[PDB]
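Q: My questions all concern the structure below.
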Amino acid sequence: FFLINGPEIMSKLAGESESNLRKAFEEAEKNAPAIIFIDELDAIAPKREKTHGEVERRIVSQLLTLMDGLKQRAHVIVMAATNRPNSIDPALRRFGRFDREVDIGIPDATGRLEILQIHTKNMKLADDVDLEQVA
Amino acid sequence: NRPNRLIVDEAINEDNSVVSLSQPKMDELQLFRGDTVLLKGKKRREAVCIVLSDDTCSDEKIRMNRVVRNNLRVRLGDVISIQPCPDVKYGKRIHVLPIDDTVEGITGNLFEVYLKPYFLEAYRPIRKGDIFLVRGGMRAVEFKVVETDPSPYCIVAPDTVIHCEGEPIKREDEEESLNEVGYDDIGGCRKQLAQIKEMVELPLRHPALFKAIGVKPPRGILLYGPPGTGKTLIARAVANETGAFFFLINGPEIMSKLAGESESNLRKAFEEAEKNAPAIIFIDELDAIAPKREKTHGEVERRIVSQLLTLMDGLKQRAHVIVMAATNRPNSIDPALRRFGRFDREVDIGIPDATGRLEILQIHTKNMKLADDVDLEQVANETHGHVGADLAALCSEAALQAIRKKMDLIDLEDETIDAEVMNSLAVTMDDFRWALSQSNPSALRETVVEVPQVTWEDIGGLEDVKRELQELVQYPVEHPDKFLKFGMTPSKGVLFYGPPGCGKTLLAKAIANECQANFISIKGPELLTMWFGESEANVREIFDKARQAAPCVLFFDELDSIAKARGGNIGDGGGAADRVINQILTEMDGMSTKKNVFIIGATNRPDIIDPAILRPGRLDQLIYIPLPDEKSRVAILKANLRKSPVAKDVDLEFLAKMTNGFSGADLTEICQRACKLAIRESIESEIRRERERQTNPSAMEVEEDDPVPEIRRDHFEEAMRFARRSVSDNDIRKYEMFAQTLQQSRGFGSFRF
Amino acid sequence: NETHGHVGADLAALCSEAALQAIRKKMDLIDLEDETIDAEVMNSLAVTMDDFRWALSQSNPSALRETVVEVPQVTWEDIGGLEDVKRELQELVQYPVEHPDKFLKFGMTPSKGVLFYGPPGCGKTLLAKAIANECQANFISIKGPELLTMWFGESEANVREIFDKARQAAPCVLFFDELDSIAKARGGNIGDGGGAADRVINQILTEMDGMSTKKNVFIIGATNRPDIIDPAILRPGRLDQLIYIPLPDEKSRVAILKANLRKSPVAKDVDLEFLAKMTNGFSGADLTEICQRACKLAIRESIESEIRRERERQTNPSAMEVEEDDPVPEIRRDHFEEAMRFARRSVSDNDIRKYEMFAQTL
Amino acid sequence: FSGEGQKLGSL
């Protein structure tokens, strides 16, 4: 899983970040049926719709070219870890515009006790405490 | 067209190079029983075989075996042209290689010791590049023709020296060759496809036609539209069909850190394509290449734009050099490129129609059978018309549902997948239905929000109004032909006058849930913005998306707060509200498609309505939603009691007569109050039972938990004594004033005799 | 002469397109020619004046292709009413352009025309579209969201681009929308966006008052009522010339209703005369709405009849082919009367007074 | 993979 990073999207050179991202994608694909740990997924969010940043626009174009075109369906897939889906734009919302159609994540309190159960089981800290009951 | 393209029927004989031809076929065509003719297949698939004379095994159709179809990459019944192939001589040094996926298991020299006589004095005029499975070593070893010293169709004989190495061909190349590109997700783009072919095939297959025409075709052709919806697929299909060099050009490709690297790369690519062949400039993702050199604050970007213009717009620059330009944002087009000379041609890719939707969906689904008893055309017609890879998404969702059903009946099957169970594990219309119910338009997904489910039947009262709305929705779609025959357009601006939220917003939600088409809900404070013109731009974008998202429903909820007249107070402030109203009118007016403009009007105060959009055309009708009659009261009561446990001691009619002046919100409140009283009573009973059980051994499994699962008549009486109707006589007066305005605006029926 | 808009290699491109269309027709009707084409057909591949005309009608100016998109075209004849106004507009379009001798004899330049105080809702946009389709010349029409942007000076750039495009493609009339939304004075909406929008409006006026007085630079304006529009630059020193419009009528209403019916499946038993008589105080949008309601009732009746026929066929497979195809091919006079009864007028007396006062403000 | 370099399957 080639870990992405927002800082990796920055290039003091000309197009170096986009070329480097393309090279990383190619290296991961040629490496193995690897994964694409797409981190900071909400970085180029708006598909440069209202964005005036040409470097940002160039990055979006390179990202779409990686996500589309010939042999886009490699033996890898990316993670749409979206901080804000409204910021995100349809240029990835299509099954093929990105890896797929993305879901959303949110917390629940009933399952939180199970999450609380895991957190408590991480380190023993109570015996007679009805920790699940209180949670 | 030509009679030489005979239908490729199925051959009973298992011989690969033998086609059962009718006596009429062997006679009308120069087709002897031993004539080595050449057959041309898909994507330049040419091969030479023998034509068997079988009149009883062919009726104007070339009976072809499945091996022949697989080798030629053709289906059954295909109109394949057949031409004589007498130039097939013995190859000098033909390179051969087995297939790794097919030579896996056949040990030893499974070519010379298995297919020995298959090529020795066997007159095998196969194309250089073909793979044929050979039954050798109790298997089917396929050897791919690596190369041939002679031309592709070379007669492999004992004299022909078949060069052979130990290179086993992996099945990945087999899949890639099977991964051809045609009309599988493209339905209805006949005009664009024809234009492209004429710019290519007619340009190539009839170059003399262009020469006699005294004019070259458009070397620069632009492809606007939503990309990757098949746009990338369109480029792939072109490249697969195209025999000339396809100089694929990515967008962020030439831009490099070194000085002038991008321009040098572009010039090098152009020169290489020119010296290579009558190539086509496959400029992929060319949309983000230049902002018309006006907003191009980047000097490197400006230089890139200038170099691109010089290469494209240049004297004697594009000789037999087409420019496959693809655009995702036609607005983002550069000024010079949009003109002829830089891009002489330009095409915009539109969304497909329901018929084209069905065609593309069936073509995509041709890979599998996910419903043996269901027609995909039926669902596609039932489909709203989500376009692009929406069909692919629907297919994937149906596959996921089928996999859920199968692996639900199966184990993890990490290594032991039951092939018989895996063999067409699920082919279900129910899977497609579940996918579609779980499916929605991806474009509006960012605007999509979760809404409660309610049926048009689940809402009580206003049966005439609900029926009218449903008919308006259906007839506009269901009987488009009837509208064409009548020759009239439908209504858009349906409003609602009365106390909203009494079920009003609930009515809108129930309609949207019961709506077969899309629905876009608009909040009153939703589109406001602080940046200069940002709110108006947002409104314009929403309108444009809705127009693209046909069919859709403009649920402009809380339109009262957005529809204030320009100057409803002592003065206006900011003026952007007037700009928003003007932009809405530009959406509400103007010559365009407006294919499914279902504008939903919700306003509790009709006086807060700007007349301009309230005007006809800009507005269709307003639903003067009154309070419920005792009959309507009983209807709403029954609708509420749908999920409630009913008590026979409750006089619903007596209440409805008593609650003549009440409201649907009031009725819901009374129901909630009775439910709360019952819940409190149940909680108290449970507490008392526990306390008795706390102090003494007592039974727990008793029906006392629900002493009255139905509504206690005492609870109903208490709720009645609690509150009453919230209808205001002044509010009634205002509503009646709006109604009287409408009525005086109306008049008696014509009844002209 | 017709190809006023086409410039540069645009004419050659149009000729190539005409040749392509004609050759496509000739070959497709002649032969697929997957291998070779007939030399007789090849020598007989001459284009036709009809083919050139068809392509040119399909063709459009190169800058407009990058500028504007298409719209539903209508015929000036297809729209009834304002016959004198239509004649004046057509004269201004042609005799000032199609006749240079008229300009020489008169000398007077074409009037700018400020804002047609037209019907409030029936849409002067309808008239503008019908004229532009009839005009066969460059036509500019934009909405108010055209220039307002979160880019400093973006509106000024948009105005400059519009002016330059008009200069390139003169003559062209700017059928700009949001007439009231731009005509409002600097004050009132205190403080708007700090006056930057007002600054852009003032610059555009100066860029257009204020525009180049050559090549028949024209503009087209209209509003539901002129009172919403402030005459800040609409004064005939900054708006150059002015042209208003009236509200709808009764005889013109009958004419427009007749045109709409002619566009659709007409009926005889309908009392069109009494309908027009009752239609003295209505609007053309109201007539279109009545027509749509009647059509909806007819379609509902047809659907109900089809449902009954299908139910009978299912219940008895003998009545499938024993039904008339069009239960009401003409409009049911009962349906028209019912639609009228359910209908109401959009005429507002207070709005009429306000519009007249705005006209009276002249 | 090679052409005319290995001894071939003589018949």
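Q: I'm checking a number: the convex hull volume of the Cα atoms of region B:1-118, normalised per residue, in Å³. What is it?
A: 133 Å³
Q: Per residue and in cubic angstrom, what volume does the convex hull of the Cα atoms of region B:376-488 have?
A: Output value, Cα hull per residue: 180 Å³.
Q: Among B:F716, B:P697, B:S682, whose Cα sits farthest toward the positive end of the charge dipole of region B:678-718 (+1 at Cβ of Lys/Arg, -1 at Cβ of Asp/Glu, about the Cα centre)?
A: Of the listed residues, the answer is B:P697.
Q: On full extension of the chain, what length is gained from C:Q360 through C:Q314, given 0.36 nm per residue of separation minus the C-alpha to C-alpha distance?
A: Contour length minus Cα-Cα distance gives 9.8 nm.
Q: Set the bar at 32 Å for Cα to Cα. Now go through C:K102/C:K143; B:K197/B:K366; B:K216/C:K112 and name every pair that lies beyond it.
A: Too far apart for the 32 Å limit: C:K102/C:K143; B:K216/C:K112.
Q: Further question: Over 10 Å intervals from 0, what percent of Cα-Cα pairs in region C:201-258 sits in each interval?
A: Going out from 0 Å in 10 Å bins, region C:201-258 shows 18, 40, 22, 16, 4 percent.
Q: If you don't mind, there's one more thing I want to ask. Helix by helix through chain B, keep the DSSP H runs that span 24 Å or more along the axis on Cα and average at least -0.5 on Kyte-Doolittle, and give those back in order.
A: Helices meeting the span and hydropathy rule in chain B are B:390-409.
Q: Most mobile of A:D39, A:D103, A:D68 per a Gaussian network model of chain A (Cα springs, under 10 Å)?
A: A:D103
Q: Once both labels are modelled 7 Å past Cα along the beta-carbon direction, what's the B:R404-C:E156 spacing in nm?
A: Placing both labels 7 Å along Cα→Cβ, they lie 5.8 nm apart.
Q: To the nearest Å, what is the center-to-center distance of region B:436-484 and region C:1-56, using C-alpha atoms only?
A: Spelled out, the Cα-based centre of one part sits 47 Å from the other.
Q: Let me ask something else about it. What is the Cα centroid distance between region B:505-549 and region B:693-718, reported in whole angstrom?
A: 48 Å
Q: Springs between alpha-carbon atoms under 10 Å, Gaussian network over chain A: tell me which of A:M67, A:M123, A:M79 tops the mean-square fluctuations.
A: With Cα springs under 10 Å in chain A, the top fluctuation among A:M67, A:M123, A:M79 is at A:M123.
Q: Reachable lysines from B:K648, Cα under 28 Å, same-chain residues fewer than 8 places away excluded?
A: Straight-line reach from B:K648, under 28 Å: B:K631, B:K638, B:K657, B:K676.
Q: Sort all Cα-Cα distances of region B:535-684 into consecutive 10 angstrom bins from zero, then give the percent of pairs in each bin up to the one containing the longest distance.
A: Per 10 Å bin, starting at zero, the Cα-Cα P(r) for region B:535-684 comes out as 9, 28, 21, 18, 17, 7, 0 percent.
Q: I've got another one for you. Provide the descending list of Cα extents for region C:292-336 along its principal axes, expressed in whole angstroms.
A: The Cα atoms of region C:292-336 stretch 35, 14, 13 Å along their principal axes.
Q: Hey, rough spin-label estimate for A:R84 and C:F342, points 7 angstrom out along Cα→Cβ, what's it come to in nanometres?
A: With each label point 7 Å from Cα toward Cβ, the separation is 4.6 nm.
Q: Where the convex hull is taken over the Cα atoms of region B:56-125, what is its projected area averaged over directions, in nm²?
A: 7.3 nm²
Q: Further question: Place +1 on the Cβ of every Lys and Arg and -1 on the Cβ of every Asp and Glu in the protein assembly as shown, take the dipole about the Cα centre, and give the residue among C:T109, B:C395, C:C122 whose Cα lies farthest towards its positive end.
A: So the residue furthest toward the plus end is C:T109.
Q: Let me ask something additional. For region B:480-629, build the charge dipole from Cβ charges (+1 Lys, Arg; -1 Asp, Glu) around the Cα centre, then report which of B:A508, B:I623, B:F483 sits farthest towards its positive end.
A: B:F483
Q: May I ask for the Kirkwood hydrodynamic radius of chain B, worked out over all distinct Cα pairs and given in angstroms to one decimal?
A: By the Kirkwood definition, the hydrodynamic radius is 33.2 Å.
Q: Over chain A, with a Gaussian network built from C-alpha contacts below 10 Å, which listed residue (A:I44, A:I88, A:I115) shows the highest mean-square fluctuation?
A: A:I115
Q: Let me ask something else about it. Can you put C:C295, B:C502, B:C671 in order, fewest other beta carbons within 10 Å first?
A: Fewest-to-most ranking of C:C295, B:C502, B:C671: B:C671, B:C502, C:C295.
Q: Let me ask something else about it. For C:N43, project a label point 7 Å along Cα to C-beta. Then give me every residue of region B:185-212 with its amide nitrogen under 15 Å of that point.
A: B:212
Q: Starting with the fewest neighbours, write out B:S256, B:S535, B:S58 ranked by other beta-carbon atoms found within 10 Å of each beta-carbon.
A: B:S256, B:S535, B:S58
Q: Quick check for me: using +1 on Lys/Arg Cβ and -1 on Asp/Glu Cβ, what's the dipole size of the protein assembly as shown about its Cα centre, in debye to the nearest 20?
A: Dipole magnitude for the protein assembly as shown comes out near 3740 debye.
Q: Need one number: nm distance between label points at D:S10 and A:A126, each 7 Å from Cα along Cα→Cβ, rounded to one decimal.
A: So the two model labels end up 8.9 nm from each other.
Q: Measuring from a point 7 Å past the Cα of B:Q438 along Cα-to-C-beta, which residues in region A:66-104 have an amide N at less than 16 Å?
A: What the label zone holds, given the 16 Å backbone N cut-off, is A:95, A:100-104.
Q: Could you tell me the center-to-center distance, by alpha carbons, between region C:62-130 and region C:211-239 in angstrom?
A: After rounding, the separation between the Cα centres reads 15 Å.
Q: For region B:477-545, just list the percent of Cα-Cα distances falling in each 5 Å bin from zero outward, please.
A: 3, 11, 14, 17, 17, 16, 12, 6, 2, 0
Q: Right, another one. Restricting to the protein assembly as shown, compute how many DSSP beta bridges are antiparallel as a %, nearest 5.
A: Here the share of antiparallel DSSP bridges comes out near 30 percent.
Q: Over its Cα atoms, what ratio of radius of gyration to 2.2 N^0.38 Å does chain C give?
A: Normalised Rg, Cα atoms only: 1.28.
Q: Starting from the Cα gyration tensor of region C:96-178, multiply each eigenvalue by 5, take the square root, and state the resulting semi-axes largest first in whole Å.
A: Sorted largest first and rounded, they come to 26, 19, 11 Å.
Q: Could you name the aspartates and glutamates in cross-link range of C:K26, using Cα to Cα under 15 Å and dropping any fewer than eight places away on the same chain?
A: List returned: B:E198, C:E17, C:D34, C:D38, C:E40, C:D50, C:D51.
Q: State whether region C:133-179 is rounded, prolate or oblate according to the following rule on the C-alpha gyration tensor (a ≥ b ≥ c being the square roots of its eigenvalues): a/c under 1.5 gives rounded; otherwise a/b larger than b/c gives prolate, and the remaining case gives oblate.
A: oblate
Q: Continuing with the same structure: Based on the alpha-carbon gyration tensor of region B:652-714 and its eigenvalue square roots a ≥ b ≥ c, which shape applies: rounded if a/c is under 1.5, prolate if not and a/b is larger than b/c, or oblate?
A: In terms of gyration-tensor shape, prolate.
Q: Using only the C-alpha atoms of region B:292-423, find the volume of their convex hull and express it per residue in Å³.
A: 228 Å³
Q: Report, in deg cm²/dmol and to the nearest 500, the calculated mean residue ellipticity at 222 nm for the protein assembly as shown, where each DSSP H run with n ≥ 4 adds -39500 (n - 2.57) and the sum is divided by the residue count.
A: -12500 deg cm²/dmol
Q: According to the square roots a ≥ b ≥ c of the eigenvalues of the Cα gyration tensor, what is the shape class of the protein assembly as shown, taking rounded for a/c under 1.5, prolate for a/b larger than b/c otherwise, and oblate for the remainder?
A: Note, shape of the protein assembly as shown comes out oblate.
Each value in this text was obtained by applying a stated rule to the coordinates, not by laboratory testing. Backbone-built Cβ (ideal geometry, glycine too); neighbour counts: all protein chains shown.
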